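Coming up, as structure tokens: structure 1 and structure 2, two forms of one and the same protein chain.
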Structure 1
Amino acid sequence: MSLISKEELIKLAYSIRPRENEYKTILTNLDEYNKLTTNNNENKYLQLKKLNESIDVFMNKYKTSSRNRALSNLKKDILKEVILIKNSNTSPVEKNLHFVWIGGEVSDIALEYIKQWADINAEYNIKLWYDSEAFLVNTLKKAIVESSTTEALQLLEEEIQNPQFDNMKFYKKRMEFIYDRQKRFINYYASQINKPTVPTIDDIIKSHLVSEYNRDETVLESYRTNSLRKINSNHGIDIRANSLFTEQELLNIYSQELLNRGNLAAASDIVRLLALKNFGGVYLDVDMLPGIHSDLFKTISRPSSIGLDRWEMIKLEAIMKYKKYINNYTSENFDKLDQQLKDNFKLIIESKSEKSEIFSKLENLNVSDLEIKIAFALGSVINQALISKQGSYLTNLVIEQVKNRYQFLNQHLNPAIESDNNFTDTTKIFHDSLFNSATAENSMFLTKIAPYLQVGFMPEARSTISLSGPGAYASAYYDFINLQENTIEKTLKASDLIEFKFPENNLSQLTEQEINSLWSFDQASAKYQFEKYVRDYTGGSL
């Protein structure tokens, strides 16, 4: 079905005044929508958006118009019409499972997590996306952070021994070296990248590590070829050979995260979007596990002691302890419970003969060609699991949110970076730029992106969320619901958001690997890490 007819709106919006040109446009757009016989949902949505924009133009020019009454009601209709198109006709997603591991050799833990998915869903293609030119990025990051750690320890030699030493002073001091070294690498890269014998990222990294960090070339090449071999044997697919990057702007974003910042999670954020766009299907983080059978442990009642989150962890720990589907999976929390429950579990688990009787199959995940589903945690969105049809409008919206936020970040950050000051002074200039550009529309965003340079190297630096992560997804959701673009801080109500939830029964998020982020850490981990640094620095090594 469609909206109200052209003549119906004329009727409903009758005035003494003659028809203003904006109103003629409104009627034309509404008609064109009604007369539209296109089975393409994107075309329908775009026509609706055009209509909505025309209405807005009218209601903003003639704010006192008597037509505003009806033009407001039609707007309420248009929203209802959006959902109507989304919910009406769904098909299953392309049966692709997308994973990303970039920057080095994929570990066996990740492979085992992927193995679970692939075993349960033998009909789905597994795509482990990697960058064939960037196997040494993690090595370079490791080298930079270790050099910086030693430099900061030696600097505060006289102080780190004091038990009342603030660890933040260590991390702040180290950041200065980290930034210096990042600049040095980037300047070298920028000089090397334009040689006639067009060098790869790995070539430049190798050269830089050999020159500046006393690394062995042969060892580095060995590691690189090993990484390539290992990933190619486990569903590996190269982003550089499948043309995921058509826009230079997206490649620039990806590269700035992969090279300038050494944030592999941010690079992953870009790649997953491009993959879901070009191919479609399901994206999963390497710390995500398939959903547990919906009522496999309903015979076992949760004790009053343990909360829900931990309860679920124990479930996983139990499964891994009696099935050994994944090597070296923890049992810490599972060990801390009485044999009454412990034994009970074992019976239920070992009773089942097939893996399918423990974990859930994805089978057909029915979605609309407009939408993208996202995982939920703490009643908010998180892009660790995604479902999207190829060329979905919403995915393109998210990609647009990312480009937009990177445009604003780079515009405000580039002058400071280029000033070639130390970390503090560059931060000062960047913050000044942010401060100067502050409005009541974007202030919360500026607060979030403020420690962008510190992400990965200092605790509580989680800017990635507001650039390439969940923040962009939430804004794109709001963008879509209200037929908008480039929304910054507007958010939806829960009822409107649950519409895009990743089915709970098809995902296990409380895995051992998830609780330890690979791109950020908190202050407690920073404290523990600093104490370990001091212990190992003072004790010596053999």
Structure 2
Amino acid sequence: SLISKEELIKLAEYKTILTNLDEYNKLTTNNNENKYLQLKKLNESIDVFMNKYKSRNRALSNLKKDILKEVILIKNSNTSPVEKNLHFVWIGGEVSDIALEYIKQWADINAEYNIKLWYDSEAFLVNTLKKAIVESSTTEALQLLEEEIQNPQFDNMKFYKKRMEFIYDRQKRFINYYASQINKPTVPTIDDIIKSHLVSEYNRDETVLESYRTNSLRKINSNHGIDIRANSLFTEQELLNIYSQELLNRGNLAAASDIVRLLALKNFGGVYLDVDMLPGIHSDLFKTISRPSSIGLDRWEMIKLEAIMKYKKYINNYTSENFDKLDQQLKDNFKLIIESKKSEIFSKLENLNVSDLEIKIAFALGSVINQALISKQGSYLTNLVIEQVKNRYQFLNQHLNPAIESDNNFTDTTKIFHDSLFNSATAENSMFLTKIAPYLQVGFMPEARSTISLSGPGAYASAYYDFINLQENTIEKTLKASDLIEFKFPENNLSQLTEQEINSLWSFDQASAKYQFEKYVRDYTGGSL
């Protein structure tokens, strides 16, 4: 469906190109992946030619540009509705009533979608363990710095840095205890190991931990729960190890959920949603309620959502803070619309048409964000994201394991990792090293965001670059705008600006860190009853 072989012969190693075009030109199977794979072969052959024989190359480039358009054509040619699964993930403890209320909106609007709530049957005590490590480290740092936290000029960053040293120490003691327990002849469960470590090291009561563990299992089972361990979601040890290093070494449940969502789409297809997402609002609804010039676009999206919850109360105790601040005629006008009528409030997903080659993704501030995803089972692009994640973790673990296994505290371990990254690095993919350098701090210090570049949106953006340009394992190359929105999750189908979305459960910014520290100081000096 390109220029035929004679055209390129009449317009210009090279023999392989002609047949490679010829194979592609004749290839008339209905397998999109085979078509793409043949397109990919042709491109590499052209490239081989080009480098080794740096008159042909004028028109071979023209074919190269044509091939890029053919990829778009193949993708957009035969779209079909995605499997009607909604995949959610809650790992590490009891799923919250708030999360269940959010999932309930999706289910009520989309009764034909099968709801899966993925959980880890062995790992209900991970969030409890993280809490015990972090809170004990907070008390260490506050008491250590007692003389200086009373000073108004005190840099809250000093508290977070000192606390991190205790956090790193206690994460390492847990993983060493885990390593000895998992190597017994009878393999205990992850929650067996955490329970035993919490009881002996942190004076937790064994019966309350067990009663919490059984409670979490019963609640998730009654709420669409499906176990990632028992349903053969993981088929590669490498991917399970990545999931496990996030679940167990780092306590980063968002990173662990980054892995699980990719495997759920790969194996089943459908839609992935973070539990803080909400169905999109019925279009055209809030043009008749025109929006003031004092309220911004993002805010007005939030205010929209606060209006529905005020009168319908689908989610209990939803914030009305942004809504309340204005004219009562607006509130009354909002009040009549909602009371006049869910399906007129919220958009139904219905058929979400996708290529079986692609994955679609939510956008935020012009950049992809993997809090909402659409993919058919086994799609080529989902497999490219998974390969990106494994490649990124291969590089991370190559440089992190020597540091982490050395007999060193957090400060010296950090320097070995950091020096391993920078002292002998190349300028190519330089930017990736900077983003993963604070990896050990993720979840425990402000502005540590390495997860974005490992298992999150950065892996997706490079996968899209892989797909568009028929490459693999791209690191820091990014697509232009016109290529990127080829993979956009339909905005009409999604409300990203929810109350729960405002608070990240794996990271925090400087303003939140300062407020949290002052809260730690006020409670510390003020005491608790």
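If you superpose the two forms and keep the largest set of C-alpha atoms that fall within 1.5 Å, you have the rigid core. For numbering, take structure 1's sequence and count from 1.
The only C-alpha among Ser437, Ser91, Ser331, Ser147 that moves by 2 Å or more between structure 1 and structure 2, given a superposition on the rigid core, is that of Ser437. Positional change of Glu7 between structure 1 and structure 2 reaches 2 Å or more at the C-alpha, relative to the superposed core. Core fit done between structure 1 and structure 2; CA of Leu51 shifted by 1.0 Å. Shown is the Cα shift of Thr28 between structure 1 and structure 2 after rigid core superposition, which amounts to 2.7 Å. Comparison between structure 1 and structure 2 places the CA of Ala190 0.4 angstrom away from its other position, after core fitting.
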